[PDB]
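Structure first, commentary second.
Side chains included, hydrogens not; waters and symmetry mates left out as well; all remaining heavy atoms used. Chain letters run A, B, ... following the sequence lines, proteins first, then strands; residues in each count from 1.
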12 protein chains.
Amino acid sequence: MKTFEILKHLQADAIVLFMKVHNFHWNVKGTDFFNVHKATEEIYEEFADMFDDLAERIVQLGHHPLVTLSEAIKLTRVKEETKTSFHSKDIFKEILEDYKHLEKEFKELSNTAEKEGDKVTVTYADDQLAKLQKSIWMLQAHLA
Amino acid sequence: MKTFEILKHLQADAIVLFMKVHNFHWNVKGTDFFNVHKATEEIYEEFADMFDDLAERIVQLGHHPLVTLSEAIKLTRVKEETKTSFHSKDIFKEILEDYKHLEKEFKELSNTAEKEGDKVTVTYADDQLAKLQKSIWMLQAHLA
Amino acid sequence: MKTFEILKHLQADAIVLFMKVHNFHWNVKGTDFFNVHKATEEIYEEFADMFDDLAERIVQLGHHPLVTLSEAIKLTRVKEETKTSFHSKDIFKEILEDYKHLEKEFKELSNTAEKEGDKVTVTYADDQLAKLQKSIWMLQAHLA
Amino acid sequence: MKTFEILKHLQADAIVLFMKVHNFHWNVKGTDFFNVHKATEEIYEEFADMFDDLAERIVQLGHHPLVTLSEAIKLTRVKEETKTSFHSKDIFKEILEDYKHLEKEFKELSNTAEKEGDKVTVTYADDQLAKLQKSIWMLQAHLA
Amino acid sequence: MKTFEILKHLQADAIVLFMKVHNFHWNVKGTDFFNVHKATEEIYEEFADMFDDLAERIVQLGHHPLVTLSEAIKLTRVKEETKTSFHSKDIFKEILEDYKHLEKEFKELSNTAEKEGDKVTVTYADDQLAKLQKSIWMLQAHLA
Amino acid sequence: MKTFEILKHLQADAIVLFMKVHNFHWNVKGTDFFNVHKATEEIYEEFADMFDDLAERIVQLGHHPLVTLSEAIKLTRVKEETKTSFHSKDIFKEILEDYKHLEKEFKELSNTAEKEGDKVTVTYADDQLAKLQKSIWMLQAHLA
Amino acid sequence: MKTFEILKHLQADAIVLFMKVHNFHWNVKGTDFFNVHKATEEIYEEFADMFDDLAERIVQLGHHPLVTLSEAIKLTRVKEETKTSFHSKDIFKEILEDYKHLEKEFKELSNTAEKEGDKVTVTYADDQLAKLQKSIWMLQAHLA
Amino acid sequence: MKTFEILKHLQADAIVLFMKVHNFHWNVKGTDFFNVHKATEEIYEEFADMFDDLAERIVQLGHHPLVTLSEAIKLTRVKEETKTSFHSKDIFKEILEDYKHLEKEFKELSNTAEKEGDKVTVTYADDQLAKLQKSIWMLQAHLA
Amino acid sequence: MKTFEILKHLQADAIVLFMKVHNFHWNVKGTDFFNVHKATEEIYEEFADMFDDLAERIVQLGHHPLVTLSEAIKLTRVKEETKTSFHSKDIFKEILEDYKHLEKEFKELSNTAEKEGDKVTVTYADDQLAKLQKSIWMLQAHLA
Amino acid sequence: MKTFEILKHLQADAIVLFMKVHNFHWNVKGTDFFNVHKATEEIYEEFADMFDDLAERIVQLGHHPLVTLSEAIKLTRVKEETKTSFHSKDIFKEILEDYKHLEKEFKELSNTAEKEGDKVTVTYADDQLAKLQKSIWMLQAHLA
Amino acid sequence: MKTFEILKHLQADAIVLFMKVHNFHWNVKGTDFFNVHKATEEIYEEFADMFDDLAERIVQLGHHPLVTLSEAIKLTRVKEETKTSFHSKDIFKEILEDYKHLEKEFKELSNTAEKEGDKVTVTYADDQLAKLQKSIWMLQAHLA
Amino acid sequence: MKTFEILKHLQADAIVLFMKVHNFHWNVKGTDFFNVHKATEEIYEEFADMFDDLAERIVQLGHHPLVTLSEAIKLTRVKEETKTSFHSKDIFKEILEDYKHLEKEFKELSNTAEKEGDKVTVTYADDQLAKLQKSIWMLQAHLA
């Protein structure tokens, strides 16, 4: 609910999503393999970058970012994926739903940070929103 | 004990160590801050790369790499760090001990893979050993 | 009046302005030729980029960008230039007035998008405003 | 029929085709999205470059290139596309037919320019023919 | 109090701070020399860049930036440093306090510009705030 | 059976495979064209590089590499492909089987070279094995 | 005699010549070794590129390029070299004679393609002629 | 009149023109100085490149290029400029007339080489014609 | 009169001149705007670099460079410019006179440093003289 | 005898030597062709650069550089070479003697400029001397 | 005999060989000068790199690398060359014999390190063997 | 005392100092390790470059540079360091004293070369003096 709390929960989602997409990356099979293998590598590296960005946002608010993977699992709103076989369509469907979750949270981040006069977090949140809106649009087109 | 099992436990250590050093990176304080902040970023990105490399080694053996962060926590031999205040000397002492752990495991990896005639894993293991030996030497010199 | 409508009319202006400045580029004569020839190429490529950017903004709002050149001509607020002989001073005077038009529209874009809570379009609009303010200042100095 | 007239009509086709493929680019849906989205961006930028090249050819013959988008619509032999929903196969079928049209025109350009002793336009036309022949071959293979 | 006045006083601070840190750069002594010598060069070049950025912001508001160094000294809120011997710790303490001053002013810049509907200055101010927040955090960690 | 003999037969396979995949590259048709056309170009250039590498290995053992294409055809274990129409799936199936053949041979190369104390050929063979294992894994995933 | 037939026979010559010069490259001995070793690597890579270029020319005429090395040996006008010992002077003498052969064929290619109105093959042929004329001139100077 | 004779006279013109424009470059005065100083450096380096290109064309025809500056002065159709004071307008007027001379000669080069079946010189001549046509157009626009 | 004193007064001139030309840069108006705006940015950055170079020369002589802007104003021989409106011709006239001043001082620097056997300052001074002589020549040509 | 006179005569030598070595470049024959062809291209481009450098030195002294090739022939101390057949050894012998001539002149340049207090020409002359001494040493070693 | 002892003696050879080839580099005379001068610079820089690599291998074994040049002379198996005149053929003969010495030692290094389970030194040794085998082959071809 | 003798003794110092700092590089321990390890690598590579530069200066005077490491030890004025344990402060103290020695010698080099009219060695010596003065200043600041 507070800005740093939204950030910390997003940092948890970021690494959990990194792991989820890492799973997809190595376990994707079928005629779409080559495209999905490449796309998922880009997607999980973006989540790795987001993890780093969010940590930076947290310290500048005078708080500690995630300390452990145990803490990431605690705070995450993302369900971890235990399956190792999917079809490529289901991979993109899953990632889309996760992006939609993130968009909702970054919207809340922006609004909450604005109310506190936290101009830097607002900028960061709005920039992430632009990236997410593009990713969502492309996955929606792919799945249409 | 089997090659793929050593690899999977190392993949678990890799991401746990990534997280541990990420913690150090953001929480380091004192006159050594600037050097340790930079060094730890390089160190955690190396563990992130190792995580990826090990996943690749696992699939080529016909097995699944780590599926979840929960699975990483299960398999890891590394204790997760919950503290958020250290002195820079203790950070390097900790990382050194972790490197020493990894060196022992990559030695075992190389030996085990050789016994199975797994030439590619041997090459990978021996290459990692070279990197670890350099990191260990430098931390030992720093702490001498 | 709605955000997507402002965007679509701006996309129309963008390509019409691209064409207008393309005309200037090839038809400029006189001792200022070399500077104006180069400047106008940069200016029309900026309008080409704007055309692309605006299309991206439109799809993310769930609408279709411009479909045809006929549609661009319909929606544009910019008068198309049929002359093929100008003096370089009149070229810069014309472009300045077009920039001023665009600035007014991007101001309206920013305000309208803000009212709808469209954070991404606001960022885009404000970024374009910065570019336009620089272009306007330089043309005003040139013509002073 | 004269060289400059062929060039001017081709310049009209170039920007109309730029717009047509820009439409395809943003409106493509389905499992082929990512490949077609990328390919169409390359294709429309090629038509944008062709537009520029043709303008250069026109001025060197002592004539004015296209002045307005209205003039492009007047001179074009290409039907503008008002639809906003296609399947990816139909996009490539359409572009192929347009390439075939262009090849016929650039053939005529080369022959006409040769008859007038316009060596530079011949070179330009023959170079464009090489590009078109490659594009056509690849689309034909894709659709076979 | 007005946006252009805040900008002009900040431009004065920027060059005065450039000079102050230039002084530190050349006069730093002791075992920290090499790190501080390098860091201060980066810091003073950032203030030189800020000086330029602020001048650009001023002209776009229709005002004149600083005309002379005499004018910079008049408008500055920063005390000029006449000492030529410091310890490296005091250098970082001083720079931190200056950054804190700048952060307060850029906050005021952002708020004031927002009230006037000056969207471009707001963006500029908020971007500078992000840079300052990072610099402050790192110096605070170093000094903790 | 001797190291240089394995190398020479592999050099023969390399150029024969280069040619086979060159055939696939130009003759592939269908909706997968663009991906297969690109992939096969990379694959045949890898076989061209392998051809060169193997020649280098042969001379360092004091023997002559392949002298003629006639000699390559003589020594090869690979059947030359006379067909000019395939479906993309069959192309990848074929290449996979060829990779599997190569992996078996490079395994034998490594083992044989080790027995002779030829350390350099062992390194070369094991490095090629790593490349082949990756290629095989990806084709197997694609075809699963 | 037909354009595609000239192209196919040239494609055969290209790979046969690649192989011939590859032979020279690895088997050259004597005080000229270092210069000839380097020059021959450049020469055989040029023949490899020519092989690719000619295949592209063939498909655009609606025909199949070379399918197998057996087919290259069938169609080639170049004698394969079975010797493994030469002097560097004889290497350059041989390559010169091969270049002269190619020049004659590319001349015929250009003339034949022109008669059929194949503008693209003419351009390609004339471009190759320029390269060959340079290579021939330099070898003639070397041997004078 | 023969191809090699046209080439040799053009090589003479090239270096004489290099010298003429070198003179302009260093002796230009007035408010246009900076633009003309830069433009003339580009122009004289182009003539230096042309000098080299023409020499290459001559040797491939089995003839000797220019041996001495005395020979260049003998063969040139260009009047050498002894003045050291001009106005920038007269510089561009002069260069334009020289370009026009060159265009006429390269036209004759192309036609003459075509009659002899010298395909490579034709290509070279036509390529130079394209460059000259652009230079002429721009100078004509500048002077209009 | 002493080497370090000449250097310190030149360092004062350098930053004062940086400021003077910064003023010109932002306040230039008229048809020459674009060229003068660009040229003045290069000129003021050169003075900024000179400021740095001179500081380095001072410390190597065992003295302190300028401590404050107040000290720069004290030591400078350059009049600060309070005007904000000039014509471009007067800008270049002013800068020329300043360059001439600097040339006289760097001449004195070189001579004085030579008398003291200060070889490094001589080299530095003579290198600056070369730069100044070029700048002066070009401005004199522009104004002729 | 005066500095500007030495410079002007050297500028004449520079272009005459450019031409002489250009002659060598295109007319060299024999087993050394490839090395001499390359070396002479580097050598003549160095003389072309020297020509430019010397012109710059002349204008900064308030004089006109060479106006025409006729003037270069007048002032040169270098004999123009009319032969078109040499052996590679004689080419290097000739160039060596020319370098030796230049070294003597640049020595005189340095001494004369020093006497006039022309610090910039001294620096230029001494820098050229370093280049010449290296070239001479290498040619002497080659010919030993 | 122990791994670290082999390494230390090789480090001694490395710098002694660096010096020997440095001698050759500067003292080579005759028509082969330019090729040998260049080749020897590459060769001595390789020995300089080897010197560094071996030092790194030594410290990782917990020992001190060479402390002094006196120690290098003590441990080396390479005879230092006091002559200053050779023919280029004798230079390559000498270097070949030194390479052969090194190959024998790196073979022993690899075998000895393997027996101790020193996987990293084995990798290093085998990699050096590959480089040496290439160098030896090329020198043998040159001298054949 | 003669120029070539000063150069030869400096070449001896250069490689001895290279070795001394190489020793420091690998044997440095303690909290300053990372900075000193890096700095010393840069320092010893500078001495390696100096070694090369001095050899070049010697041959251009018609003399032989150092032939052997034995000769370097003979001529050096630098004491070789046999210790393998130091503290980082003592490393910088030692290097400073060596730099001071070099500065004295390069001063003598410059003066001696000037007396002989050796302009090139003077330039070289004065350039080295500039580098040394910077290195000395920084080490003095570090140790203050």
Side-chain angles (χ1 to χ4, degrees), chain A residues 1-21 43-80 94-136, chain B residues 19 22-23 25-27 69 82 84, chain C residues 60 113-114 116-123, chain E residues 103 107 110-111 114 122-123 126-127 129-134 136-137 140:
Chain A
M1 252 142 55
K2 269 183 58 48
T3 298
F4 96 88
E5 294 169 334
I6 298 166
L7 288 170
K8 200 173 201 149
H9 286 267
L10 276 168
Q11 200 202 348
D13 292 343
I15 193 163
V16 168
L17 285 168
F18 157 85
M19 184 68 256
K20 182 176 174 183
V21 175
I43 292 167
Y44 79 60
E45 292 285 18
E46 285 171 356
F47 290 135
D49 290 340
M50 184 185 285
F51 180 81
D52 289 353
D53 289 347
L54 287 158
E56 183 181 55
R57 313 282 15 110
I58 295 161
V59 300
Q60 286 176 24
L61 262 24
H63 296 269
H64 299 98
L66 292 174
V67 176
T68 63
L69 299 185
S70 282
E71 195 179 25
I73 296 165
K74 185 186 187 65
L75 268 31
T76 190
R77 283 74 54 93
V78 181
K79 187 184 176 190
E80 288 212 285
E94 283 279 337
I95 295 171
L96 212 207
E97 293 313 304
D98 293 325
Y99 282 148
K100 285 179 172 169
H101 158 73
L102 290 177
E103 178 188 26
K104 290 189 206 296
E105 291 294 309
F106 276 97
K107 274 179 174 170
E108 196 52 59
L109 216 217
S110 182
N111 288 328
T112 298
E114 191 192 330
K115 246 266 204 276
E116 291 164 353
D118 186 358
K119 298 155 188 291
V120 177
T121 301
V122 177
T123 304
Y124 167 72
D126 293 353
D127 288 345
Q128 289 304 290
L129 251 6
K131 294 188 198 289
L132 288 164
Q133 281 185 9
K134 178 180 179 176
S135 296
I136 289 161
Chain B
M19 184 68 256
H22 205 265
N23 166 348
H25 176 77
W26 287 113
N27 291 306
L69 299 185
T82 55
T84 51
Chain C
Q60 286 176 24
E114 191 192 330
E116 291 164 353
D118 186 358
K119 298 155 188 291
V120 177
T121 301
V122 177
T123 304
Chain E
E103 178 188 26
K107 274 179 174 170
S110 182
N111 288 328
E114 191 192 330
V122 177
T123 304
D126 293 353
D127 288 345
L129 251 6
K131 294 188 198 289
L132 288 164
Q133 281 185 9
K134 178 180 179 176
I136 289 161
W137 180 80
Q140 284 176 157

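Contact record, C:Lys119 with A:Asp126: CD-OD1, 3.5 Å, taken as the closest heavy-atom pair. Among all heavy-atom pairs drawn from B:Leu69 and A:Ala72, the shortest one is CD1-CB, 4.3 Å. Between A:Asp98 and A:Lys20, the closest heavy-atom pair is OD2-NZ, 2.6 Å. The minimum heavy-atom distance linking E:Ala130 with A:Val120 is given by the pair N-CG2, 3.5 Å. Nearest heavy-atom pair across A:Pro65 and B:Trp26 is CG-CB, 4.1 Å.
Here the side chains of A:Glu71 and B:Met19 are not in contact, with every heavy-atom distance at 4.5 Å or above. You'll find the side chain of A:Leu109 reaches within 4.5 Å of the side chain of A:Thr121, heavy atoms only. Residues A:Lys131 and A:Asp127 have side chains not in contact (no heavy-atom distance under 4.5 Å, counting atoms from C-beta outward). Taking 4.5 Å as the limit, every side-chain heavy atom of A:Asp13 sits out of range of all side-chain heavy atoms of A:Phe47. Residues A:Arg57 and E:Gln133 meet the side-chain proximity criterion, which asks for heavy atoms closer than 4.5 Å. A heavy-atom distance below 4.5 Å is not found between the side chains of A:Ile58 and A:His64. At a threshold of 4.5 Å between non-hydrogen side-chain atoms, the residues A:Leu61 and A:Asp118 count as touching. In this structure the side chain of A:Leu102 reaches within 4.5 angstrom of the side chain of A:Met50, judged on heavy atoms.
To the nearest 0.5 angstrom, B:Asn23 atom CG is 8.5 Å from B:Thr82 atom OG1. Put simply, NZ on A:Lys79 and CD on A:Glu94 are 9.0 Å apart, with the number rounded to the nearest 0.5 Å. Residue A:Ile43 holds its CD1 atom at 7.0 Å from OG of A:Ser135, rounded to the nearest 0.5 Å. Note that the CG atom of A:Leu129 and the OH atom of A:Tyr124 stand 10.5 Å from one another [nearest 0.5 Å]. The CG atom of A:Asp49 sits 10.5 Å away from the CZ atom of A:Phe18 when rounded to the nearest 0.5 Å. A:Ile95 CD1 to A:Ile136 CD1: the interatomic distance, rounded to the nearest 0.5 Å, is 12.0 Å.
Every residue meeting the salt bridge (charged side-chain N to carboxylate O under 4.0 Å, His left out) condition with A:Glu116, not counting sequence neighbours, appears here in chain and number order: A:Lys2.
Looking at A:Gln11, its side chain does come within 3.5 Å of a backbone N or O of A:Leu66 through a donor-acceptor pair. Looking only at distances, no side-chain donor or acceptor of A:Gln60 sits under 3.5 Å from a matching main-chain atom of E:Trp137.
Under a 4.0 Å N-O distance rule, the pair A:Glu105/A:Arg77 qualifies as a salt bridge. Salt-bridge check for A:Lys100 with A:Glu103: failed, with every basic side-chain N at 4.0 Å or more from each acidic carboxylate O.
Between A:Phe51 and B:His22, the ring planes lie tilted relative to each other; the angle falls in the 30° to 60° range.
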